[PDB]
């Protein structure tokens, strides 16, 4: 296939993709999607399949993996540093109508490949979540134990997506996304080590 950088003209399709991949409380507004493409234009890609935007990634260069400490999903734009050693992912979605076709694995490996070619980038970081924690919440399993797989069962399908591509857990940010009630408002830091 072919993948290209994002453009402000794709805003209409990037919103329709956001509305399909996420429920209403967790969707990024039209202004936020435009802010990501304009702030870091070389750090946003769009996967095209049959001429449709079925996959999109958002990233901005931050100072490093340590700058994510105490971050918040709303106050996330202030971490932009054009001379930082880490590229923070801000979103990596694919359309539910085309999922499980090894498409999301292609976008993640492309961003990891682009960061190895951009100079100064040491790691690819980001605050992920857990899509199947409420099921383990009723079983008495704590959130921190569930992130590190200490619950006895398998990984979370969301965290296993990053862990399956060389990432490692780098901490938990409680109160990161209060509208993400499926994770008690918390987020999970993932770090893709490079070089």
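Numbering follows the first chain given and starts at 1.
Q: Should the higher mean CA B-factor in the entry be assigned to 115-123 or to 87-95?
A: Of 87-95 and 115-123, the stretch with the higher C-alpha B-factor average is 115-123.
Q: Mean CA B-factor: is it higher for 26-34 or for 147-155?
A: On average, C-alpha B-factors are higher across 147-155.
Q: For the chain shown, is the CA B-factor of residue 129 in the lowest, middle or highest third of its modelled residues?
A: As the PDB entry reports it, the C-alpha B-factor of residue 129 lands in the lowest third of its chain.
Q: Looking at the entry's B-factor column for C-alpha atoms only, identify whether residue 60 ranks in the lowest, middle or highest third of its chain.
A: CA B-factor rank for residue 60: highest third.
Q: Would you mind checking where the Cα B-factor of residue 73 ranks among the modelled residues of its chain, as the lowest, middle or highest third?
A: Middle third of the chain for residue 73's C-alpha B-factor.
Q: Ranking every modelled residue in this chain by its Cα temperature factor as given in the entry, which third contains residue 106?
A: Its C-alpha B-factor belongs to the highest third of this chain's values.
Q: Divide the modelled residues of the chain into thirds by Cα B-factor and specify which third, lowest, middle or highest, holds residue 44.
A: Tercile = middle for this residue's CA B-factor.
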